[PDB]
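Novice: The following block contains the structure, expressed as structure tokens.
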Amino acid sequence: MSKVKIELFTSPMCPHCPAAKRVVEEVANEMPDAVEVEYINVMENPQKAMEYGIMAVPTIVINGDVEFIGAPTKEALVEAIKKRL
């Protein structure tokens, strides 16, 4: 009971991925209101996500769970929050 929290903790620099733009559009398809997106381009901000158990960019939160899946952002799970988050 906090709305669907997404966070985007990375500054991808080789592949200019849509990053938070995909993750927001994808979950806003599901929940066009119960959505929170921290797009935190990794620069000038604390490692508060880059701590955790993952300690490996691209550091991504979907619903509230902290993870990283691929060279791009959480696309493997984005294929499933689209399905039944």
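Chain identifiers are assigned as A, B, and so on, following the order in which chains appear in the structure tokens; residues are numbered from 1 within each chain, and ligands are numbered from 1 in order of appearance.
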Need to verify the contact set: segment 20-32 of chain A, 10 Å, only C-alpha atoms, exclusion of same-chain residues closer than 2 positions in sequence. Can you return it as a PyMOL selection string?
Specialist: chain A and resi 3-10+17-18+34-41+60-63+73-75+77-85
Novice: Take the residues from that selection and write them out as a compact mmCIF listing (two decimals), in the first residue's frame, keeping N, CA, C and O atoms.
Specialist:
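Okay, part.txt is ready:
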# COMPACT_ATOMS: atom_id res chain seq x y z
N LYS A 3 1.83 2.33 -3.64
CA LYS A 3 1.87 2.37 -5.11
C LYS A 3 3.05 1.57 -5.66
O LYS A 3 3.95 1.17 -4.92
N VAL A 4 3.00 1.23 -6.95
CA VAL A 4 4.02 0.40 -7.59
C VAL A 4 5.28 1.28 -7.75
O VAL A 4 5.32 2.18 -8.60
N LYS A 5 6.29 1.07 -6.89
CA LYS A 5 7.55 1.82 -6.92
C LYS A 5 8.51 1.17 -7.90
O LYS A 5 8.84 -0.01 -7.79
N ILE A 6 8.97 1.97 -8.86
CA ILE A 6 10.02 1.64 -9.80
C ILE A 6 11.16 2.60 -9.47
O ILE A 6 10.94 3.79 -9.22
N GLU A 7 12.40 2.12 -9.53
CA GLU A 7 13.57 2.99 -9.46
C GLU A 7 14.53 2.55 -10.55
O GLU A 7 14.61 1.36 -10.88
N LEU A 8 15.26 3.51 -11.10
CA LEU A 8 16.14 3.35 -12.24
C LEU A 8 17.49 3.94 -11.85
O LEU A 8 17.72 5.13 -12.05
N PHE A 9 18.34 3.12 -11.25
CA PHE A 9 19.62 3.51 -10.71
C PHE A 9 20.70 2.99 -11.65
O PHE A 9 21.18 1.86 -11.53
N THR A 10 21.15 3.81 -12.59
CA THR A 10 22.15 3.53 -13.62
C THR A 10 22.32 4.85 -14.39
O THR A 10 21.43 5.70 -14.39
N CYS A 17 19.88 3.37 -23.71
CA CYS A 17 18.61 2.71 -23.49
C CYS A 17 17.56 3.75 -23.10
O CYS A 17 17.91 4.74 -22.45
N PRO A 18 16.26 3.50 -23.37
CA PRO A 18 15.17 4.32 -22.84
C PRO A 18 15.10 4.28 -21.32
O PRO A 18 14.56 5.20 -20.71
N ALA A 34 -1.05 4.41 -10.03
CA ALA A 34 -0.33 3.79 -8.92
C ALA A 34 1.13 3.51 -9.30
O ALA A 34 1.61 2.40 -9.09
N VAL A 35 1.83 4.48 -9.87
CA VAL A 35 3.18 4.32 -10.39
C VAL A 35 4.04 5.43 -9.78
O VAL A 35 3.62 6.59 -9.72
N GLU A 36 5.23 5.09 -9.29
CA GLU A 36 6.26 6.02 -8.84
C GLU A 36 7.53 5.61 -9.57
O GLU A 36 7.84 4.42 -9.60
N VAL A 37 8.23 6.56 -10.18
CA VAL A 37 9.46 6.31 -10.92
C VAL A 37 10.54 7.26 -10.44
O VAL A 37 10.47 8.48 -10.66
N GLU A 38 11.55 6.73 -9.76
CA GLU A 38 12.77 7.47 -9.52
C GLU A 38 13.70 7.17 -10.68
O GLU A 38 14.25 6.08 -10.76
N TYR A 39 13.81 8.10 -11.63
CA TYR A 39 14.84 8.04 -12.66
C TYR A 39 16.07 8.72 -12.05
O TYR A 39 16.13 9.95 -12.03
N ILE A 40 17.00 7.95 -11.49
CA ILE A 40 18.20 8.48 -10.86
C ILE A 40 19.40 8.08 -11.71
O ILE A 40 20.04 7.05 -11.50
N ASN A 41 19.66 8.90 -12.73
CA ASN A 41 20.85 8.80 -13.57
C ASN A 41 22.07 8.85 -12.64
O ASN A 41 22.25 9.82 -11.90
N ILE A 60 17.99 -1.73 -10.59
CA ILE A 60 16.62 -1.41 -10.96
C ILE A 60 15.68 -1.98 -9.90
O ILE A 60 15.84 -3.11 -9.45
N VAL A 61 14.64 -1.23 -9.58
CA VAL A 61 13.60 -1.64 -8.66
C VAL A 61 12.33 -1.74 -9.51
O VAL A 61 12.07 -0.82 -10.29
N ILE A 62 11.61 -2.86 -9.42
CA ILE A 62 10.25 -2.99 -9.96
C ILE A 62 9.35 -3.44 -8.82
O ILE A 62 9.82 -4.19 -7.97
N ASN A 63 8.09 -3.01 -8.81
CA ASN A 63 7.12 -2.92 -7.70
C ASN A 63 7.64 -2.33 -6.38
O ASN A 63 6.92 -1.56 -5.73
N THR A 73 18.73 -2.21 -18.68
CA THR A 73 17.85 -2.19 -17.53
C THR A 73 17.01 -3.49 -17.44
O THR A 73 17.25 -4.44 -18.17
N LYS A 74 16.06 -3.57 -16.50
CA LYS A 74 15.40 -4.80 -16.03
C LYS A 74 14.45 -5.45 -17.07
O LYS A 74 13.37 -5.90 -16.70
N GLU A 75 14.79 -5.47 -18.35
CA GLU A 75 13.91 -5.82 -19.46
C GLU A 75 13.34 -7.23 -19.31
O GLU A 75 12.15 -7.43 -19.54
N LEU A 77 12.50 -8.73 -16.53
CA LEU A 77 11.36 -8.62 -15.62
C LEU A 77 10.31 -7.67 -16.19
O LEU A 77 9.13 -7.81 -15.87
N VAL A 78 10.67 -6.69 -17.03
CA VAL A 78 9.73 -5.76 -17.65
C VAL A 78 8.74 -6.54 -18.54
O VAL A 78 7.54 -6.25 -18.55
N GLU A 79 9.22 -7.59 -19.20
CA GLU A 79 8.48 -8.61 -19.94
C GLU A 79 7.49 -9.41 -19.07
O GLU A 79 6.71 -10.19 -19.62
N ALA A 80 7.49 -9.21 -17.75
CA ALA A 80 6.69 -9.93 -16.78
C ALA A 80 5.87 -9.00 -15.88
O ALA A 80 4.70 -9.30 -15.64
N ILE A 81 6.37 -7.83 -15.48
CA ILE A 81 5.50 -6.80 -14.91
C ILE A 81 4.46 -6.38 -15.96
O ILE A 81 3.32 -6.13 -15.58
N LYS A 82 4.77 -6.43 -17.27
CA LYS A 82 3.72 -6.27 -18.28
C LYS A 82 2.68 -7.40 -18.28
O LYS A 82 1.61 -7.24 -18.88
N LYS A 83 3.01 -8.59 -17.75
CA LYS A 83 2.21 -9.80 -17.91
C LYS A 83 1.21 -9.93 -16.77
O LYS A 83 0.04 -10.20 -17.04
N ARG A 84 1.67 -9.73 -15.53
CA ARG A 84 0.91 -9.81 -14.28
C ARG A 84 1.90 -9.46 -13.18
O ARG A 84 2.48 -10.36 -12.56
N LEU A 85 2.12 -8.15 -12.97
CA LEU A 85 3.02 -7.69 -11.91
C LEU A 85 2.57 -8.21 -10.56
O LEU A 85 3.43 -8.33 -9.66
Novice: Check the DSSP output for the backbone and give back, as a VMD selection string, the residues of chain A in strand (DSSP E or B).
Specialist: chain A and resid 4 to 10 35 to 41 59 to 62 65 to 67
Novice: Quick one: of A:68, A:42, A:50, A:58, who's nearest to residue 11 of chain A, counting only C-alpha atoms?
Specialist: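 Nearest to residue 11 of chain A: A:42.
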Novice: Enter the distance from atom CA of residue 44 of chain A to atom CA of residue 15 of chain A, in Å, rounded to one decimal.
Specialist: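 Going from atom CA of residue 44 of chain A over to atom CA of residue 15 of chain A covers 20.7 Å.
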Novice: I need the residues in chain A that are helix (DSSP H, G or I) according to DSSP; give them as a PyMOL selection string.
Specialist: chain A and resi 20-30+75-84
Novice: Take the residues from that selection and write them out as a tab-separated table (two decimals), in the first residue's frame, keeping N, CA and C atoms.
Specialist:
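Done, and the output landed in out24.tsv:
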chain	number	residue	atom	x	y	z
A	20	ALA	N	14.35	4.41	-17.71
A	20	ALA	CA	13.13	4.73	-16.99
A	20	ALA	C	11.97	5.03	-17.94
A	21	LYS	N	12.22	5.53	-19.15
A	21	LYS	CA	11.15	5.78	-20.11
A	21	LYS	C	10.45	4.48	-20.48
A	22	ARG	N	11.19	3.38	-20.74
A	22	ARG	CA	10.51	2.10	-20.94
A	22	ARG	C	9.85	1.67	-19.66
A	23	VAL	N	10.59	1.64	-18.55
A	23	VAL	CA	10.06	1.02	-17.34
A	23	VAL	C	8.77	1.75	-16.91
A	24	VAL	N	8.72	3.09	-16.96
A	24	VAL	CA	7.51	3.86	-16.69
A	24	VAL	C	6.42	3.52	-17.70
A	25	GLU	N	6.68	3.56	-19.02
A	25	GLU	CA	5.60	3.33	-19.98
A	25	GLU	C	4.99	1.94	-19.77
A	26	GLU	N	5.86	0.96	-19.55
A	26	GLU	CA	5.51	-0.43	-19.39
A	26	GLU	C	4.60	-0.61	-18.16
A	27	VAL	N	4.99	-0.08	-17.00
A	27	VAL	CA	4.16	-0.22	-15.80
A	27	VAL	C	2.96	0.73	-15.82
A	28	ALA	N	3.04	1.90	-16.45
A	28	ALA	CA	1.90	2.80	-16.58
A	28	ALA	C	0.85	2.20	-17.51
A	29	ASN	N	1.23	1.28	-18.41
A	29	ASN	CA	0.24	0.50	-19.15
A	29	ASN	C	-0.65	-0.28	-18.19
A	30	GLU	N	-0.04	-0.90	-17.19
A	30	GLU	CA	-0.65	-1.69	-16.14
A	30	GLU	C	-1.43	-0.79	-15.18
A	75	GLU	N	14.79	-5.47	-18.35
A	75	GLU	CA	13.91	-5.82	-19.46
A	75	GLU	C	13.34	-7.23	-19.31
A	76	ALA	N	14.14	-8.18	-18.82
A	76	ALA	CA	13.72	-9.54	-18.51
A	76	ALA	C	12.52	-9.59	-17.56
A	77	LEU	N	12.50	-8.73	-16.53
A	77	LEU	CA	11.36	-8.62	-15.62
A	77	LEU	C	10.31	-7.67	-16.19
A	78	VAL	N	10.67	-6.69	-17.03
A	78	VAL	CA	9.73	-5.76	-17.65
A	78	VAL	C	8.74	-6.54	-18.54
A	79	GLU	N	9.22	-7.59	-19.20
A	79	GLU	CA	8.48	-8.61	-19.94
A	79	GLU	C	7.49	-9.41	-19.07
A	80	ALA	N	7.49	-9.21	-17.75
A	80	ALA	CA	6.69	-9.93	-16.78
A	80	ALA	C	5.87	-9.00	-15.88
A	81	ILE	N	6.37	-7.83	-15.48
A	81	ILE	CA	5.50	-6.80	-14.91
A	81	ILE	C	4.46	-6.38	-15.96
A	82	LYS	N	4.77	-6.43	-17.27
A	82	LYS	CA	3.72	-6.27	-18.28
A	82	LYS	C	2.68	-7.40	-18.28
A	83	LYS	N	3.01	-8.59	-17.75
A	83	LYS	CA	2.21	-9.80	-17.91
A	83	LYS	C	1.21	-9.93	-16.77
A	84	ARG	N	1.67	-9.73	-15.53
A	84	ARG	CA	0.91	-9.81	-14.28
A	84	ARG	C	1.90	-9.46	-13.18
Novice: Go ahead and compute the interatomic distance for atom CA of residue 16 of chain A and atom CA of residue 53 of chain A, in Å to one decimal.
Specialist: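 Spanning atom CA of residue 16 of chain A to atom CA of residue 53 of chain A is a straight-line distance of 25.8 Å.
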Novice: What's the separation between atom CA of residue 33 of chain A and atom CA of residue 48 of chain A, in Å to one decimal place?
Specialist: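 Straight-line distance from atom CA of residue 33 of chain A to atom CA of residue 48 of chain A works out to 25.2 Å.
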